[PDB]
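What follows is a set of notes on a single structure, which appears directly below.
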Amino acid sequence: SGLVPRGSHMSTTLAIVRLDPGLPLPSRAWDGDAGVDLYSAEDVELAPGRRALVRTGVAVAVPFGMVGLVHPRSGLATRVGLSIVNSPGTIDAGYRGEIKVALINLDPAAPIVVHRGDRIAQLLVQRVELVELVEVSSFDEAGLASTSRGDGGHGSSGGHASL
Amino acid sequence: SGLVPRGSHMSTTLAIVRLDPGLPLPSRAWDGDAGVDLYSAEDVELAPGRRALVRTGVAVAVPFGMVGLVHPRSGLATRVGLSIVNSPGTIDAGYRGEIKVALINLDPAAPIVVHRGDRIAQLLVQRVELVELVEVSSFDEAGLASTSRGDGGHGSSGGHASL
Amino acid sequence: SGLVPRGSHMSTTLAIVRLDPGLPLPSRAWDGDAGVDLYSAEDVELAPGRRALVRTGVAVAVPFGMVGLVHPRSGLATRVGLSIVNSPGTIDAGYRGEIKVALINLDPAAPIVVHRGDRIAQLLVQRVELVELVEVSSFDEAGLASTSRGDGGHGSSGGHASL
Ligand SMILES: O=c1ccn([C@H]2C[C@H](O)[C@@H](COP(=O)(O)NP(=O)(O)OP(=O)(O)O)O2)c(=O)[nH]1
Ligand SMILES: O=c1ccn([C@H]2C[C@H](O)[C@@H](COP(=O)(O)NP(=O)(O)OP(=O)(O)O)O2)c(=O)[nH]1
Ligand SMILES: O=c1ccn([C@H]2C[C@H](O)[C@@H](COP(=O)(O)NP(=O)(O)OP(=O)(O)O)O2)c(=O)[nH]1
Ligand SMILES: [Mg+2]
Ligand SMILES: [Mg+2]
Ligand SMILES: [Mg+2]
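Going down the list, the protein sequences come from chains A, A' and A''. A prime marks a further copy of an entry chain. The numbers in the deposited numbering rise by one with no breaks, and the one at position 140 of the first sequence is 131. The numbers in the deposited numbering rise by one with no breaks, and the one at position 59 of the second sequence is 50. The numbers in the deposited numbering rise by one with no breaks, and the one at position 71 of the third sequence is 62.
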């Protein structure tokens, strides 16, 4: 266990505080999984269309040059219509507060009951480009070549009757 | 074609099985596009507020150290209110099942009809940090410096009358 | 200021055009923040359940090999139920049009008023794998080893009463 394998030499460490020590540390369900599952610290009942800001019982220190991303779980999304209002939740490198999850019930009729200790979201960590904006008067002025896509967006490639 | 250009030497391959061989391979609409468009294998009609778990007809092997991400298309989102309940859908490196898309109709009044062969989502592949949690009693105890953001979140920087 | 610190040597530049020069350049709220906040160029009022495609007053040139990602802000999400229909919005490297934000009001009862100059979303820039699909008849045929997760998905790991 204690030996870092050569193919894991460069894997990143994430400092975590269990603000609620009664919950397990977040973990990957299976080897290779993109995220660690976040627990609810709280019981909450969401009627259709209602949202709540739910405590996870953890704080993390995302490294500088990275971002933490809070994603919904697919099973709850399909089974009961559970989603996250601000998905993907964007955890900044400087944030030292508790991670909170903005759960919302997108089912039209059935309430969702979350219990303390349920796994209600997943946390990924990725590098992010901390970009330096360069203001230009036009892309042409910036010596950028014309692109194939150009200003095409919002369904310009087709693929559905409404587009 | 067959020659990998020097600037593409390190581009990653993604093994894909067309579980439904009647659909085209997912493709980028234009050069440089972030994602390949996923097809619906199925006809489905979503009344306002309803969701479905839609088959794409594909399975992929996301490489270890990466994640597949299922995003909504912008044109359908604006034009008809189509969204994805668990967006961004998180495809794990170990997953060998069919990719499924949790479509939802967020329009209040008009149903959305999806036909087999429509492009209903897009799949991105990115590296992900497979983090090693390091539990600490406090960030200070971990020798982390105080940050500018501190525990500020959830609108702490302002920028709207409600914040 | 003008000196790039050694730890920022490789930070990426992003060309930006202020199509609406009356708005500030997007900025990070705090050092290390993952995204730059996008402004609304427009006044818009969203009744419950309504969406709009809102102009930000900017165009960017995301570098080839990268993607721009439009995420909701957490404070507005919780406080007033503001979300983005296609979140995370996927800005392609070839796109040279105006960035637009598909705001939606997920509150059941209270309208959301956005004013020109409000910060209504955040833009991240990340690398993306421009994948080369390799079609195979089965993962076994491709010499891929069996995985722990296998075809498990959509709540297969449990963690809620509904799963
Ligand atoms: O939030 C967004 C998302 C996309 N866009 C623009 C830039 C992007 O490159 C372009 C296409 O985005 P999508 O591929 O996500 N939407 P869709 O597939 O419907 O459009 P197209 O057919 O043009 O690819 O639309 C925005 O302005 N805001
Ligand atoms: O899902 C989330 C998203 C954010 N947060 C916290 C951590 C993040 O660094 C902080 C700010 O997130 P956003 O920038 O996405 N929201 P907003 O811009 O409204 O807040 P602020 O004004 O503080 O930047 O809120 C969560 O706890 N959960
Ligand atoms: O949009 C998606 C998201 C996930 N999936 C599949 C692949 C992924 O590896 C698997 C699990 O995804 P999540 O971890 O996001 N959902 P959940 O935690 O509910 O499932 P599990 O308990 O299996 O991890 O479900 C899809 O087919 N489409
Ligand atoms: Mg999972
Ligand atoms: Mg597209
Ligand atoms: Mg912010």
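From the three backbone atoms N, C-alpha and C, an ideal C-beta is built for every residue, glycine too.
- At least one CB of chain A'' lies nearer than 9 Å to the CB of A':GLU89.
- With fewer than 16 neighbouring CB atoms inside 10 Å of its own CB, A'':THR4 falls in the exposed class.
- Apart from sequence neighbours up to five positions away, the residues of its chain that approach A':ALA68 with a beta-carbon distance below 8 Å are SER74, ordered along the chain.
- A distance criterion of 8 Å places the beta-carbon of A':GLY150 in contact range of ligand 2, judged by its closest non-hydrogen atom.
- Using beta-carbon distances, A':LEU5 does not count as an interface residue toward chain A, since no partner is under 9 Å.
- Taking 9 Å as the cut-off between beta carbons, the residues of the segment 15 to 27 of chain A' near chain A'' are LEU16, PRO17, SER18, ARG19, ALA20, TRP21, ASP22, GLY23, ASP24, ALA25, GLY26 and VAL27, in sequence order.
- The distance from the Cβ of A':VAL58 to that of A':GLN117 is about 6 Å, consistent with a contact at the 8 Å cut-off.
- With a cutoff of 9 Å on beta-carbon distance, A':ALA32 and A':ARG46 are scored as near each other.
- By the C-beta density criterion, A:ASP34 is exposed, having fewer than 16 other C-beta atoms within 10 angstroms.
- The DSSP-derived three-state label of A'':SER74 is strand.
- Residue pairing by DSSP places A'':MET57 opposite A'':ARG118 in a beta bridge.
- In this structure, the C-beta of A':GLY26 approaches ligand 5 to less than 8 Å from one of its heavy atoms.
- Judged by beta-carbon spacing, A:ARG87 lies beyond the 9 Å limit of A:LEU29, meaning their Cβ atoms are not closer than that value.
- It is roughly 43 Å from the alpha-carbon of A'':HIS0 to the alpha-carbon of A':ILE95.
- By the neighbour-count criterion, in which a residue is buried when 16 or more other Cβ atoms sit within 10 angstroms of its Cβ, A'':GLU120 is buried.
- Closer than 9 Å to the CB of A:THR69 there is at least one CB belonging to chain A''.
- Using a CB distance cut-off of 9 Å, A':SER2 does not count as an interface residue toward chain A.
- In the assembly as shown, A'':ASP131 is an exposed residue. Its beta-carbon has fewer than 16 other beta-carbons within 10 Å.
- Following the DSSP letters along the chain, one finds A'':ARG46 inside the beta strand (DSSP E) bounded by residues 42 to 46.
- Of the candidates A':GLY144, A':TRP21, A':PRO17 and A':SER78, A':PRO17 places its Cα closest to the Cα of A':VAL49.
- A'':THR81 has its CB nearer than 8 Å to a heavy atom of ligand 5.
- When rounded, the separation of the alpha-carbon atoms in A'':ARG41 and A':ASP98 is 7 Å.
- Residues of chain A'' with a Cβ closer than 7 Å to the Cβ of A':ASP83 are, in chain order, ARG140.
- Considering only A'':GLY(-2), A'':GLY108, A'':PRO54 and A'':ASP22, the residue with the shortest C-alpha distance to A'':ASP11 is A'':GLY108.
- For the segment 31 to 57 of chain A, the set of residues with a beta-carbon nearer than 8 Å to any beta-carbon of chain A' comprises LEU44, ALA50, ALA52 and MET57, in chain order.
- By DSSP's assignment, A':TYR30 forms a beta bridge with A':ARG110.
- Annotation: the continuous beta strand (DSSP E) that includes A':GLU36 extends over 35 to 37.
- At a cut-off of 8 Å, the beta-carbon of A':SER(-1) does not count as near ligand 5: no heavy atom of the ligand is closer than that.
- Between A':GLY141 and A':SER148, the alpha-carbon positions lie close to 12 Å from each other.
- Its Cα nearest to that of A':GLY85, the residue A':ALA6 stands out among A':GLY13, A':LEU135, A':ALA101 and A':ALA6.
- Closer than 9 Å to the CB of A:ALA152 there is not a single CB belonging to chain A''.
- In the assembly as shown, A'':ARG(-3) is an exposed residue. Its beta-carbon has fewer than 16 other beta-carbons within 10 Å.
- In terms of beta-carbon proximity, A':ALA93 lines the interface with chain A, with at least one pair separated by less than 9 Å.
- At a Cβ-Cβ threshold of 9 Å, A'':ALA112 and A'':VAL61 count as neighbours.
- Taking 9 Å as the threshold, the shortest C-beta distance from A'':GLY143 to chain A' falls below it.
- Sequence-distant Cβ neighbours of A'':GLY(-7) in its own chain, meaning closer than 8 Å and more than five residues away, do not exist here.
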